Amino acid sequence: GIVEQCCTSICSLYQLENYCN
Amino acid sequence: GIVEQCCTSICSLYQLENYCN
Amino acid sequence: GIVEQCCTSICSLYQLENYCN
Amino acid sequence: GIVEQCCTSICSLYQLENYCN
Amino acid sequence: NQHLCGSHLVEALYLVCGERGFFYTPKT
Amino acid sequence: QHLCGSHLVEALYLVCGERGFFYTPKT
Amino acid sequence: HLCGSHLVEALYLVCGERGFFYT
Amino acid sequence: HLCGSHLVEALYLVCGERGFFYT
Amino acid sequence: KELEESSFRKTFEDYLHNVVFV
Amino acid sequence: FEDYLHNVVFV
Amino acid sequence: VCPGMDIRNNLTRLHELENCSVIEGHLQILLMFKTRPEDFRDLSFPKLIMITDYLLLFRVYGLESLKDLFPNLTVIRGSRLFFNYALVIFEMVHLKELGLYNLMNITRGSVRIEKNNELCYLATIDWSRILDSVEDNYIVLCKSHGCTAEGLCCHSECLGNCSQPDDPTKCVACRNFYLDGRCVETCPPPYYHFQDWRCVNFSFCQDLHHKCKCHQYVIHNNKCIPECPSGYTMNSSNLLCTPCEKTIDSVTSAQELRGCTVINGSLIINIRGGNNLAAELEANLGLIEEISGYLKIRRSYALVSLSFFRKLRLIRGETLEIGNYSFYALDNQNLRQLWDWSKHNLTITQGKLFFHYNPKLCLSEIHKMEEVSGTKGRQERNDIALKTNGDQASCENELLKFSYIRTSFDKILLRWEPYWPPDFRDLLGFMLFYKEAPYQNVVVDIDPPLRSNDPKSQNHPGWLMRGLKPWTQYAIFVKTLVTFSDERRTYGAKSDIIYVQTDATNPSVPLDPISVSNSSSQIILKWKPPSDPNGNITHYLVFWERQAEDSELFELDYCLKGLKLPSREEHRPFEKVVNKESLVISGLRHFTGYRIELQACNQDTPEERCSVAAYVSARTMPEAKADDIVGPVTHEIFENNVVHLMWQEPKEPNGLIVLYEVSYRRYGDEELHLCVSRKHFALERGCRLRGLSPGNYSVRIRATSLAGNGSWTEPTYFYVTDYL
Amino acid sequence: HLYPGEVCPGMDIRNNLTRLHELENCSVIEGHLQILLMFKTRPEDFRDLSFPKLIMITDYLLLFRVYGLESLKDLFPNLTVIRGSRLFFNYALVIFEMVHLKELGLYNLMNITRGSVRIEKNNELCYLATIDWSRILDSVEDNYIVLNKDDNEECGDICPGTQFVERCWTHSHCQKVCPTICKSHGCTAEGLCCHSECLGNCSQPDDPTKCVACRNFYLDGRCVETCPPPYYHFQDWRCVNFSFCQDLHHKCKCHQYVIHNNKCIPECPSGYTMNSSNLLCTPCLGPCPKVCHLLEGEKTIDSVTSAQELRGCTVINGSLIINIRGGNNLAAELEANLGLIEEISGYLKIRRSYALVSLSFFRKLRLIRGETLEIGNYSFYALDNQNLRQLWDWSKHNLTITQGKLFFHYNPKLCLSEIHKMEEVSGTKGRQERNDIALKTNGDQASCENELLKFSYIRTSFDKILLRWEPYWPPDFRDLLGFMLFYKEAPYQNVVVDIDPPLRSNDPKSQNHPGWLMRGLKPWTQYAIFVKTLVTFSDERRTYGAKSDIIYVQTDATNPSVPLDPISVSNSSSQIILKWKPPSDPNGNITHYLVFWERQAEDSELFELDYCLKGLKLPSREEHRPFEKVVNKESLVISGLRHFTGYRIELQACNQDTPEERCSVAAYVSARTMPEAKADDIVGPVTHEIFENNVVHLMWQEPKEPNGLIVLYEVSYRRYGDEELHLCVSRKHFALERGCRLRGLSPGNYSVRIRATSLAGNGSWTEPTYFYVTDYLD
């Protein structure tokens, strides 16, 4: 999920704002 | 309500005119 | 003649029926 | 022509029968 | 993003309702 | 031409049949 | 590539307040 | 790969009689 | 062998945040 | 030359 | 009994654990950066006795010990695990001790304790009392039934502690199961094993199933389960697991619906192209049988039929398309077919049929669908467009029939019946279609023939094909080409898809004849089939022939420097290599170039139709002692000491012998040299030396061949007259 | 005189000498000669074989494997000039692998005007050194005389006179050497120079009618310098009138002869069009004209390569057949090959031609003669042409169709309006009868929207565009099935959503304008957008409906994306080249790139760590900030910076600066400048203070401006006698001891150098500082 997006690949805030509320 | 109609799905004006008076 | 019709180009039977009797 | 077929590459008789009459 | 989604919904409903106006509740 | 004409008589044997055909192959 | 506890503090940086729900 | 003057006799063996025309 | 154990703890913390954050 | 020799001769 | 909860960032939601004695679930209190130890001084829930799944703690500040919050928690069942942990305590800042002195047995799972910078009393806890397996634990950076205060063992369905020993109603917790104030070993009927810790009747599971009318609860294996196990279908009366809108525009849109059977909703279809159409779509979607709602197909371009909905035998139409349609079809251009209405039966319960602008689906399929669907008398004016649908399919109600078929190998004469419309002006042409088909899992326009008459007129239009790969099955069918009438249009004919194979004809050159002479008499000739195998190749017709050595090599003086030597009807020995594309050939001379011809026959007994020739040429290996010299070394010394040498030649050489070499040296001299060629040996009958030095010489003689050197003879001893 | 015999063309006599007898009366080979591959000829065939009538060959000679041929002195003793009008790879003579050929013997060979001589593998060929080719060739450099009998010296090349050498061709024929004033015109037997339009030899000297051959040109028994009018320079050796060129042009009615540059030419030179009256190559009116006479007067066009043959055609003497059904670069390569065509003699066939939509890419095609008719006497054909929506812009493309009719069948996207336009423009309108044109299979699936839809209001957000437009209603408004908005992206103007019908229900003043918002859009992007009505085909005269205009709406110069790749390279102790890319969504004409930067001070814990402890592993590295609006530049070097200090930098992009700056979201980057060298090198004196108990207190001024900060200090003390011993001074140790303090050490003289160690590295040792404590005995 977030590790497959933000850790294996690179996230922006926008890919991290999906992991907000 | 409006998020289940106009945000998750797509509204027209007619689905938004329900959210008028 | 027939080589210019049936060999260089393509004949039907109808172009070959000219080469009948 | 024949050098590009029979000399650079390899001909059979059939590629050489084109160089007959 | 419901915020961005609802961001136009007031611009929608202001164009939709106009002089009628609209009651709009975004949160949850 | 040799392969090309070789069928033409097979063709013209079917095309003419009992009519038959005159066939000059040379050049 | 924010990884390990680096992504954890990157999340609490991006979230700040309430952050992530369970419904 | 028949090349040089060997191709000439490789041809005339295939040619034999009349060989090659000019029409 | 110690890098089979390294990746093991790491599998988790891979699996740690995938189950938490919606 | 002899490349171009037989390319022009044999039809 | 309280569910599993995740209390987050504040302890206000922890007060919802007020009257809770069982967490039916897990607990996760986490990321409380704002909690302080003042928040935990007046905060306790000793009512909690059992948690079914696990506990997780992560960065709750202010929390220092768990002896206040939950002093009477005893058993985590480990019903669900957190990567085999029933307990993860991770980065618990301010947490100094666990303090859980009533912790007695973890049934399932392990304990992860990490980065808890203040956490002590970790060595003081016997986890082996608590865990049946302490091996997977991670602490870094009265068997199980327990005892009361005097140490008397509890009931055998207690687990860890009991208010009164040996009483299943005076257990603190249950070892396996719970029913009605009592730790039960099993849930007896009618009670179902509910959540693997308790026992509930039908009505409980029933009414929660109806509240989820959410995991609508079902029943199997004496258990109120959320969902039926494998191969099982719920029985809607008694929940018994008995053995058995969405737009679709792409394959991935079907991969979500992969495996669907009954659809509680409608579907929308605008797939317009892609690879593996109707096949992935059947594999996802032929499985569907029932649809509650309607069905939409709009603008759906590249497909042609819906037969890949194999099981789809129900439209309820509960969701109707506007106009009260349970079906929709618009702009579906290449669609020629709904279904094989002789095969696929389909129920459409509600609604009508929207058939518009779908120009390849004939009305016959439509009236078939009217009859099979049971919707026939439902459709009114302009539910179905007549002039935009199947109007470009031509709907050939008749068949064209072939009157004669001749095949050559690349050529197939077809003869067939001339079709004529009743106004035969309208016959625009005839449209033969074909392609290649080695299976039967399945274009030429021809003009009209000469009408002109019919006493007995072969105005059969005929057709020869030409460029064909011979011995190849061809799915072929004709269509009429006519005009759309201004009246009730004559629909024309089209011929049947006939599967004609071209002729087991002379096949192509059998590919790659690789001739490897792996011995002095063995040559593995191997090859591939012909590129046009053109028939079931019976045998591969191998011809071979020995090529003798060249004539000029027998008559060259190889004693001359410039001796640069290459170190290499009639019936021939032949082989019909039946069903084999390799051949080793035996009975061969050593070191002799051979010429080999390969053909392939797909025909042997009647008048062998074999391939054209594949030539290859190779030389066997030499023998070793073919070149080694046989026979004696004879010296003949004259009076004038003109010494004539004689020797038997290597009678069977490796091919031939080009020259001979003789080594002569005195005790006293060195090896001097003189050569013996073929004609020099044949004329001198050996060799001839003329007049040399006194002192003893010795002679060894080598043969030199095309293959190489045949070994030196034995040292031959003789003396000429010293004369003094 | 000059040429008593006929003029004969170029010939290739092959495998037998029977065809050589066709050179009987020939005096000029108007062409070349190639006698070759005569494996069956014998020297008996060449003993009774001669053609001395031949005087000139225009192009060249080639000989190859003619057996039996031994010398050329018999076959052509009087051949004099090869013009070299055509060359065989710059050879006017190739003699190659001539078996049995022993000598050339061509003693009348005098001048080759153009070309060279290739003599190779002629295993018997001698008298090759006896020939002065420099007499014969104006350039003997490109000659190729090798691999002969002449090279490996065995030729008994005896001239009749049995380095400077005598010249011959045989044992019995010398090489005739004329005086130098007889330049190329040659000489007669007594050596008098010939006429200046003779070339090589003359029967009588100084007479252009008694030349043997002409130097440049020939007219009427006389070697002329030029062809005077009306004679045209015919084949660059003679002079012919109009009627000769004319009638050979009519015999080729083959190189139908034309006329330019006082020459009867086969074909006109560049930019020129023949004038059919007088064959005159007149300039065309850019591209060059190209009449493409086809094989069997027809050609099927099914592919791009089928058009590449017809690339450049203008007038087609024939018909064309078209069944291209798909491929890349359609109608564009097809215009580039085929828009150039203007005229067609025959008909035009288009059958089954699938993927194209229009014929407007036939830009110049303004004539169908229809001379070849399709059966039924059609000059035009259209069948099964499915995606075709258009013949031509009949407001633009005008087209003549002379003969024949129009076959319009099963072509379901071409409306009848184009058809009646074609009827009117083509002039074929009253020709077509019943069922020449199908009414119900053609354009029946194009819907032919005779009206326009009109937009009533457009709102754009950046990713979102509200359209409002007029509700269309058919007169039977049941039939309104929908509204079909089409769109795409178009940064040029070189050019799908279905919407339901709105609520009819009323019309006092009803906004039953159906409206549409788009959503996912790249902001600041031009969009070619048009609506279509969706209605029903009527059972009656069908209401054709409307479609809106292709409107080109740009989304909004909105906050642009992150300006990509901010690469911050600190190329000095005060310079940092921050470079970056534009944002992925630049979302407007980016006015400036809004660079913010900030100095990040050194970390606080580094000031209060004892770096004398082993474990000293040291990393060797509203409010308004100093900012920069980098207008029209995607790089920035920043000056005025401290040495060795980590900085934080923020990048934004603004496409809006003056009204209420709409700038990008931030692009952060952080970097540290280079150190200075002598920032860390210690300033101020090394002071020793030695007590009575020899507790020696050291003092020094610190490196006031370091490379960031100073973590520790290092002091080197060694006696004359001892070695360097060690003791550390940290930050607090320096700050508390005010320097250093040593306690009680050995007599004999010490010396002190002091190093600074920083985050960047070491600041150099101080100067060796000399002092002695009380020895108390001496």
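Residues numbered from 1 in each chain as written, not as in the entry; some residues may be left out. Chains lettered and ligands numbered in written order. Heavy atoms only, no water. Residues with missing side-chain atoms left out of burial classes, pairs and counts.

- For this deposited structure, the header cites cryo-EM as the method used and 4.5 Å as the resolution.

**Points about the interface of chain K and chain L**
- Contacts between the two partners involve 19 residues from chain K and, on the opposite side, 19 residues from chain L.
- For the pair chain K and chain L, the summed buried surface comes to about 1,800 Å²; carbon and sulfur atoms form 52% of the total.
- Across the contact surface, chain K and chain L share four salt bridges.
- Two residues, L:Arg351 and K:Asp445, come together in a salt bridge whose shortest N-O distance is 3.7 Å.
- Seen at the junction of chain K and chain L, the total is eight residue pairs in polar contact.
- Considered class by class, the residues forming the side of chain K that touches chain L number eight nonpolar, four polar and seven charged. (Contact = heavy atoms within 4.5 Å. Buried area = accessible area lost by both parts, 1.4 Å probe. Salt bridge = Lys/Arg side-chain N within 4 Å of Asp/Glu carboxyl O. Polar contact = N/O pair within 3.5 Å; in protein donor to acceptor, adjacent residues only side chain to side chain. Nonpolar A, V, L, I, M, F, W, Y, C, P; charged D, E, K, R; others polar.)

**Details of the UniProt feature "disulfide bond" in chain L**
All names here are of chain L.
- Look at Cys 198 and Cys 211: UniProt has them disulfide-bonded, and their sulfurs are 2.0 Å apart, which fits a closed bridge. Linking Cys 198 in the loop between strand 9 (144-146) and strand 10 (217-218) with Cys 211 in the loop between strand 9 and strand 10, this pair joins segments that are 13 residues apart in sequence. Both residues of the pair, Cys 198 and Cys 211, belong to the buried class.
- With its sulfur atoms 2.0 Å apart, the UniProt disulfide linking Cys 227 and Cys 239 appears as an intact bond in this structure. Note that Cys 227 is positioned in the loop between strand 11 (223-224) and strand 12 (232-234) and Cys 239 in strand 13 (residues 238-240), a separation of 12 residues in sequence. As far as burial versus exposure is concerned, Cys 227 and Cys 239 are alike and both buried. (Disulfide = S-S within 2.5 Å. UniProt positions renumbered as here; feature names shortened; annotations may be inferred. Helix = DSSP H or I, 4+ residues; strand = E, 2+ residues; numbered from the N terminus. Buried < 20%, exposed > 50% of the residue type's maximum accessible area, 1.4 Å probe, protein only.)

**Brief notes about the interface of chain A and chain G**
- Counting from both sides, the interface comprises 11 residues of chain A and, opposite them, 12 residues of chain G.
- Buried area between chain A and chain G, both sides added, is near 1,000 Å², and the carbon and sulfur share of it is 69%.
- When the buried area of chain A at its contact with chain G is split by residue, A:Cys7, A:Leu16 and A:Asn21 rank highest and sum to 48% of it.
- On inspection of chain A and its partner chain G, the count reaches seven residue pairs in polar contact.
- Broken down by secondary-structure element, the contributors of at least two residues to the side of chain A that touches chain G are helix 1 (2-7) and helix 2 (13-17) of chain A.
- Take the side of chain A that touches chain G: its biggest share by element is three residues, from helix 1 of chain A.
- Each residue belonging to the side of chain A that touches chain G can be placed in one class, and the counts come to eight nonpolar, three polar and no charged.

**So, the domain arrangement of chain K**
- For chain K, the assigned domains read domain 1 (2-140), domain 2 (202-243), domain 3 (398-501), domain 4 (514-619) and domain 5 (633-718).
- Centre-to-centre separation of domain 2 of chain K and domain 3 of chain K, based on C-alpha positions: 62 Å. (Domains from an automatic or database assignment.)

**Some points on the pattern of salt bridges**
- Tallied over the full model, the rule gives 73 salt bridges over all chains.
- One salt bridge in this structure joins H:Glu9 and L:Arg65, with 3.0 Å as the shortest N-O distance. One end of the pair, H:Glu9, is in helix 1 (residues 6-15); the other, L:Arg65, is in strand 4 (residues 61-66), on a second chain.
- Residue classification places L:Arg65 among the buried residues on the basis of a relative accessible area of 9%.
- Here L:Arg625 ties to L:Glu650 by a salt bridge, and the two come within 2.7 Å at their closest N and O atoms. Here L:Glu650 lies in strand 41 (residues 646-654) and L:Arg625 lies in the loop between strand 38 (592-599) and strand 39 (627-631), a separation of 25 residues in the sequence.
- Judged by its relative accessible area of 7%, L:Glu650 is buried.

**Side note on the packing of aromatic side chains**
- In this structure the tally under the stated criterion is 50 aromatic pairs over all chains.
- When the ring of L:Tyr3 is compared with that of L:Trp237, the centres are 6.3 Å apart and the planes differ by 65 degrees; the resulting orientation is edge-to-face. Grouping residues by exposure puts L:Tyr3 and L:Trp237 together as buried.
- Through a chain of ring-to-ring contacts, three or more aromatic side chains come together here, namely I:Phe8, I:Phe12, K:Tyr54, K:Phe82 and K:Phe83.
- The cationic tip of K:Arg112 hangs over the ring face of I:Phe12; the distance from NZ or CZ to the ring centre is 4.7 Å.
- One residue, L:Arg504, lies across the ring of L:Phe477, its end atom 4.7 Å from the ring centre. (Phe/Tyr/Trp six-rings, centres within 6.5 Å; stacked < 30°, edge-to-face > 60°. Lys NZ or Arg CZ within 6 Å of the ring centre and 35° of its normal.)

**Section: the sheet that holds strand 39 (residues 574-578) of chain K**
All names here are of chain K.
- Sheet architecture is open: four strands sit in the order 39-38-41-42, paired in antiparallel fashion. Taken across any chain shown, the strands that pair with only one partner, and hence form the sheet edges, are strand 39 and strand 42 (614-619). Each strand axis lies, on average, 25 degrees off the axis of its neighbour in the sheet, ignoring direction.
- Across six bridges, the pairing between strand 41 (residues 593-601) and strand 42 is antiparallel. Counterpart to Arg 595 in the pairing with strand 42 is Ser 617. (Pairing = 2+ DSSP bridges. Axes fitted to C-alpha atoms, helices over the stretch in contact; angles between N-to-C directions.)

**Observations regarding the arrangement of the chains**
- With 22 pairs of chains in contact overall, the greatest share of contacts is found between chains K and L.
- For the non-touching pair chain B and chain I, the nearest C-alpha separation works out to 17 Å.

**Some remarks on unusual backbone geometry**
All names here are of chain K.
- Residue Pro 190 is reached from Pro 189 by a cis peptide bond, and omega for that bond is 5 degrees.
- Note that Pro 190 resides in the loop between strand 11 (183-184) and strand 12 (192-194).
- Phi at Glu 607 is positive, roughly 55 degrees, even though this residue is not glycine.

**A closer look at the state of the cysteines**
- Tallying each qualifying case throughout the model produces 38 disulfides over all chains.
- Between the sulfur of C:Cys6 and that of C:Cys11 lies a disulfide, 2.0 Å long from S to S. The sign of the -85 degrees torsion about the S-S bond sets the C:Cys6-C:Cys11 disulfide as left-handed. Residue C:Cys6 shares its accessibility class with C:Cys11, and that shared class is buried.
- Each sulfur in the disulfide pair L:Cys227 and L:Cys239 lies 2.0 Å from the other. Between L:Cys227 and L:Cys239, the S-S dihedral sits near -75 degrees, and the bridge is therefore left-handed.
- In this model D:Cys20 remains outside any disulfide bridge; the closest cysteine sulfur is found in H:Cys15, 4.9 Å from its own.
- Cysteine K:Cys244 remains unbridged, with the sulfur of K:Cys228 as its closest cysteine sulfur at 10 Å.

**A look at a nonpolar patch on the surface**
- A cluster of nonpolar side chains, contributed by A:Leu13, A:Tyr14, L:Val562, L:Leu564 and L:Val665, occupies part of the molecular surface with about 410 Å² of accessible area.
- With respect to the helices and strands, L:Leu564 occurs in the loop between strand 35 (551-554) and strand 36 (567-569). (Patch = residues over 30% accessible without salt bridge, like charges linked within 9 Å, V, L, I, M, F, W, Y side chains within 5 Å. Areas by Shrake-Rupley, 256 points an atom, 1.4 Å probe, with all protein chains shown as cover.)

**Points about the side chain of K:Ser520**
- Along the chain, K:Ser520 turns up in the loop between strand 36 (514-516) and strand 37 (523-526).
- Residue contacts for K:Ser520: discarding those within four places in its chain leaves K:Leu588, K:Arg589, K:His590, K:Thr620, K:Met621, K:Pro622 and K:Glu623.

**Some words on the sheet that holds strand 19 (residues 262-263) of chain K**
Residue and element names in this part refer to chain K.
- Here four strands make up an open sheet; going across it, the order is 19-21-23-25 and the pairing parallel. If you trace the sheet from one side to the other, it starts and ends with strand 19 and strand 25 (347-348), each paired once.
- In this structure, strand 21 (residues 290-291) lies alongside strand 23 (residues 314-315), joined through two bridges in parallel fashion. Within strand 23, the position partnered with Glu 290 by the bridge is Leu 314.

**Overview of the UniProt feature "disulfide bond" in chain K**
Residue and element names in this part refer to chain K.
- Checking the UniProt disulfide annotation for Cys 142 and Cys 153 gives a sulfur-sulfur distance of 2.1 Å, short enough (under 2.5 Å) to count the bond as formed. Taken together, the positions of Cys 142 in the loop between strand 9 (138-140) and strand 10 (177-178) and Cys 153 in the loop between strand 9 and strand 10 put the pair 11 residues apart, joining distant regions of the chain.
- A residue is classified by how much of its surface remains accessible, and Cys 142, at 43% relative accessible area, is partly exposed.
- Between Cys 362 and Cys 395, where UniProt places a disulfide, the sulfurs come within 2.0 Å of each other, which fits a bond. Placement of the pair is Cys 362 in the loop between strand 26 (355-356) and helix 6 (363-373) and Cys 395 in the loop between helix 6 and strand 27 (398-400), with a sequence separation of 33 residues.
- On the accessibility criterion, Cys 362 (13% relative accessible area) is buried.
- On the basis of relative accessibility, which here comes to 25%, the residue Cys 395 falls in the partly exposed class.

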